[PDB]
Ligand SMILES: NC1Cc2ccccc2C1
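One chain comes next, on its own, written out as structure tokens in the form solved without the named molecule.
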């Protein structure tokens, strides 16, 4: 199924008929960071499997729902579940849910995910406001927009220089200062590693030379589809480890260590993003 105007319209029509919510804000919350979705008010839960043209996710399994409702008086739509390119999903499968958000009326997309630290000053448990990116799949002919252009959504050649909205970054930092956790919040450049192997010790060292602050396997595909169709983005990384220090000390990482960092910061991140939603223009 192509992520075109007709197919995206069929999905939006179904959703409107079931929901009655017209959202202005979309959220994609990474694994371990989804507690806010369980607190959406007056909510409506729509399994992907019932939405016309949504991608098939039964090989990977696990949860897959669209959730609509209110947070802080604002109308929102959340993607509950993982759609990452290391799983083998195509460009068209990643793009269709974001283009459905557009047709439902979304103007701002908020994204969080766990990631590895490269900048030597980043500690486990820190937050990074993403201000730019280095897209290794995109340089290497695996950009999420490779294929025919869908002209109804955006231009053939998009400019990404303002993909990460500056005022949303400033609002997120202001709320951190108000609640006295600004010492946990950094800004930086995100490297997209297609994955699913963690960055190797020698890949990490290369990334430090190249001016990368954080590295991860998510986020950039959704950022590019959003930017192509005029949706503003705020993207935040939660740092699981410092991969440069781990390379110098010969220290390993596992899945239990990463998800324990999510558990440590889940409630603060939930509070932070509730206030952001409440306050954004």
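Positions refer to the first chain, counted from 1.
Just so it is clear, the following notes concern the form deposited with the named molecule bound, a form of the same protein that is not shown.
Taking the pose of the named molecule in the bound PDB entry and superimposing the nearby C-alphas onto this chain, the site is open, with no ligand atom within 2.4 Å of backbone or C-beta atoms. Residue contact check for residue 271: one or more of its heavy atoms lie within 4.5 Å of the named molecule in the bound PDB entry. For residue 136, no non-hydrogen atom is located within 4.5 Å of the named molecule in the bound PDB entry, even though that partner is not displayed. At a distance threshold of 4.5 angstroms between non-hydrogen atoms, residue 189 is out of contact with the named molecule in the bound PDB entry. Taking non-hydrogen atoms only, residue 71 never approaches the named molecule to within 4.5 angstroms in the bound PDB entry. For the three marked residues, 9, 13 and 100, no heavy atom of any sits within 4.5 Å of the named molecule in the bound PDB entry. Note on contacts: among 175, 110, 104, 144, the single residue with a heavy atom within 4.5 Å of the named molecule in the bound PDB entry is 175. This chain is displayed without the named molecule, yet in the bound PDB entry the stretch 176-184 from 144-152, 90-98, 72-80, 176-184 comes within 4.5 Å of it by heavy atoms.
Interface residues of 124-155, taken as those with a heavy atom within 4.5 Å of the named molecule in the bound PDB entry (partner not displayed), are absent.
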